[PDB]
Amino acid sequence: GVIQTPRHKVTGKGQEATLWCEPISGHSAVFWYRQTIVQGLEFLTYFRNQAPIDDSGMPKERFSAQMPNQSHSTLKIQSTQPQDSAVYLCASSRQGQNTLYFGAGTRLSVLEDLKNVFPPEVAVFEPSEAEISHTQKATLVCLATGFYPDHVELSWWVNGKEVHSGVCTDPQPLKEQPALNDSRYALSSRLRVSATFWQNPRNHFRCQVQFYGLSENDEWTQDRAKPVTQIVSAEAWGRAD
């Protein structure tokens, strides 16, 4: 269906950001919406065949929407501000159709200072001997710590294939320093397998965290490594005894 890029965008205050949406082969296909915790789904703007029809919801400054061709649409924000941070959904609907199809959106995080962006450190912890003995089950745990902002995606890979059944990831990360508003985050996830499965030393477990940060375009003064968008992983092998 509807393809939106990028999936995540981190910018600093005052940077420009443009958001891309490719609708489905259809006419009424702008339905830009903003999605936030406070205001929910908010109509922004609407196009029928490249023609601006309603821009009622668009902020009266800095925000603009265009349709270059009839197979793509853009949302441009000038001079990004923290309040601009949200998920920006794009949607399309056909002619004789009521159904509205949504994109997965672009998550925009506008930070005060890009000097506070850090990527996660990832580590995986092997099941408890006690747990195995008591329940005949083995729970692996993964810890992503010390990352900012909170654009992370955590996945479990068992022998090179990603797995889902028996995964539990925290729905929201925790602030490492919860007093401060601008704090680094941690996330934990659990993978629960049979004790037999863990005991097989040919089984390979990998916890993988996709972090979104700076693009290669962005400048980096500080004497540490620049926190680009990257994958950070940690592995463990099954163990017999």
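Each residue number is its position in the shown sequence, starting from 1.
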Original post:
For the C-alpha atoms alone, is the average B factor greater in 228-236 or in 6-14, going by the entry?
Top reply: 6-14
**OP:** State which stretch shows the higher mean Cα B factor in the entry: 130-138 or 95-103.
**Re:** 95-103
Original post:
Between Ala195, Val30, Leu180, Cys207, where does the Cα B-factor run highest in the record?
Top reply: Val30
Original post:
When you compare the CA B-factors of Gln199, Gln50, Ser188, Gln172 as listed in the entry, which one comes out on top?
Top reply: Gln50
Original post:
For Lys60, does the deposited CA B-factor place it in the lowest, middle or highest third of the chain?
Top reply: highest
Original post:
Sorting the chain's CA B-factors, does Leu111 end up in the lowest, middle or highest third?
Top reply: highest
Original post:
For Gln35, does the deposited CA B-factor place it in the lowest, middle or highest third of the chain?
Top reply: middle
**OP:** Would you check the entry's CA temperature factor for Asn203 and let me know if it's in the chain's lowest, middle or highest third?
**Re:** lowest
Subject >> Cα B factor band for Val163 (lowest, middle or highest third within the chain) >> reply: lowest
